[PDB]
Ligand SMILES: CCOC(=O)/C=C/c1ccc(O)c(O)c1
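Taking the form solved without the ligand, here's one chain by itself in structure tokens.
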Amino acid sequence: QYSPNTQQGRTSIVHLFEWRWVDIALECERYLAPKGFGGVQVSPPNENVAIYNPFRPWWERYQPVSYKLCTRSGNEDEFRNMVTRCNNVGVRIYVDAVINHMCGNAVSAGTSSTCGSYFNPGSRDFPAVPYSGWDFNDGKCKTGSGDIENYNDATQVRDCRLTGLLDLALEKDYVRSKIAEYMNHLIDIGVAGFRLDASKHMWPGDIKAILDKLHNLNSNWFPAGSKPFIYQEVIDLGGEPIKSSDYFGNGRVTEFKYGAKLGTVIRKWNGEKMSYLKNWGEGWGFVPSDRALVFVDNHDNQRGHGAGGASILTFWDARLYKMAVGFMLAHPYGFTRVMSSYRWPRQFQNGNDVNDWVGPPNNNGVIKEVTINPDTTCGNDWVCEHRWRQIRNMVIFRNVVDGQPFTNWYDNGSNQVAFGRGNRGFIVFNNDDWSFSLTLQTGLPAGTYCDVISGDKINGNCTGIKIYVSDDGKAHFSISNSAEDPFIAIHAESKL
């Protein structure tokens, strides 16, 4: 469950948040395959509540109605078409599995659902599964409200309703079997693994019992006996009884401390600075690297949801964001996920975004196509961070340097730092309020290298900065604090 099952030499996944299946299929073929992306995290592919007040929020997809593969992203045929086309070009699909809960207990009964299935939250009736009152934790939860009230009580966090979401009785073999039926449908279609949503709200042993029911990956594309990649969403920022290490026997875990601390460092909050990153990894209190799924931001915390955190860097902070993503993609810790977002009309009042609910770009609720502009950016209000040169080229950097050790660290005691990945790549950052001009040991063979942040290697030439490495491995770097991107990255495949 710990291996991503990407093709050898592909080292990241991208979250194509709220994208339609047909657009992901095309993106696999036209971009993700040629640019070396390992795979795609898709939005939940199972039927959810259609919520009209407010109008079609992104978060309606975290309120299941059934396990029919029928959503605003597309139907089952479209989902299968996407998985097949992506696998055929060597780009994997990872499903966001919403298995802790069904919808909010106060949602009105009826057919306001993405496939028109009937459901009745008040009577605990989800006949398209089917689930009934016997399948929820009403009797097991001991809180006065029936909801989670106190995160210092690890039992209620698992047995009670997360903000009123009906909480499935995951101890029951029937419920475990209906979830495994859904997940095995997806595995047999060709999915390579799963994000397990709300894993903090599930007992480790119930997750294990569900995983024990899962198939190996589809043998038309994957070697015999391949286990689905599992990454469990556990928000563990250190101050609660539940520790994400309790989940290590099941799979990897999301390391939310990663982006929280990288954001505080890059924003220079509380006296933090990039020179402190020399011992980034477990030395910062993080999970073991081989159990970490890392990211700068995710779909929740880029808009203040989940545990939020004011330090989180997002595409709205483009310059610092590219730096943070670049540091993450160069550093060997963890398995990396890149975010890919849509723009919404963010509107802060008293420090909080009142439009944080707005769903994906749409016409009368129908999600808009992803359009591709001549310059390779996206239209229709899709941000497409994964197509920004500075991010795509660092996805490639990570592939090129895969397996090489962290070495040749330099810092100025403030915010000018650099490091190498064996003899295959080198990266230099200036987050101080003055210029960084210095000759550094790069660990690389002598030659001329294109900086893949300011430009590209194209037809035996560089379109941006060129770096000249001498016989001793040293090279001069110059980065103004006013540079568009105050970091430079070079690697074996950017050498002329």
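So that the term is clear: the rigid core is the largest set of C-alpha atoms that superpose within 1.5 Å between two forms. Counting begins at 1, following the sequence as shown.
Heads up, the form solved in complex with the ligand isn't pictured, but that's what we're talking about next.
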In contact with the ligand in the entry with it bound (heavy atoms, 4.5 Å), from 421 to 429, 396 to 404, 285 to 293, 324 to 332, is stretch 285 to 293
Can you tell me if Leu26 lies within 4.5 angstroms of the ligand in the entry with it bound, counting non-hydrogen atoms only? yes
Does any part of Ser414 reach within 4.5 Å of the ligand in the entry with it bound? Heavy atoms only, please. no
Residue-level contact is defined here as any heavy atom of the residue lying within 4.5 Å of the ligand in the entry with it bound; does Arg10 satisfy this criterion? no
May I ask you to state whether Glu181 is within 4.5 Å of the ligand in the entry with it bound, using heavy atom distances? no
Taking 4.5 Å between heavy atoms as the contact cutoff, choose which of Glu369, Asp138, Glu149, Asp381 touches the ligand in the entry with it bound. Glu369
Let me know the one among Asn81, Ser219, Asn88, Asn120 whose heavy atoms come within 4.5 Å of the ligand in the entry with it bound, would you? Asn81
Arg20, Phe248 and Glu255 each touching the ligand in the entry with it bound (heavy atom, 4.5 Å): yes
Counting only non-hydrogen atoms and a 4.5 Å cut-off, give the residues of 175 to 207 close to the ligand in the entry with it bound. none
At a threshold of 2 angstroms on the CA positions, core aligned, which residue out of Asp300, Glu78, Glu233, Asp206 shifts between the shown form and the other one? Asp300
Any chance the CA of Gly110 moves 2 angstroms or more between the shown form and the other one, core superposed? yes
Using a rigid core superposition, assess whether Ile266 undergoes a CA shift of 2 Å or more between the shown form and the other one. no
After core superposition, I'd like to know whether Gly309 moves between the shown form and the other one (criterion: C-alpha shift of 2 angstroms or more). yes
So the CA-CA distance for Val383 and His299 moves by at least 3 angstroms in the entry with it bound. Closer or farther than here? farther
How does the CA gap of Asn301 and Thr371 change in the entry with it bound versus this form, closer or farther, if it moves 3 angstroms or more? closer
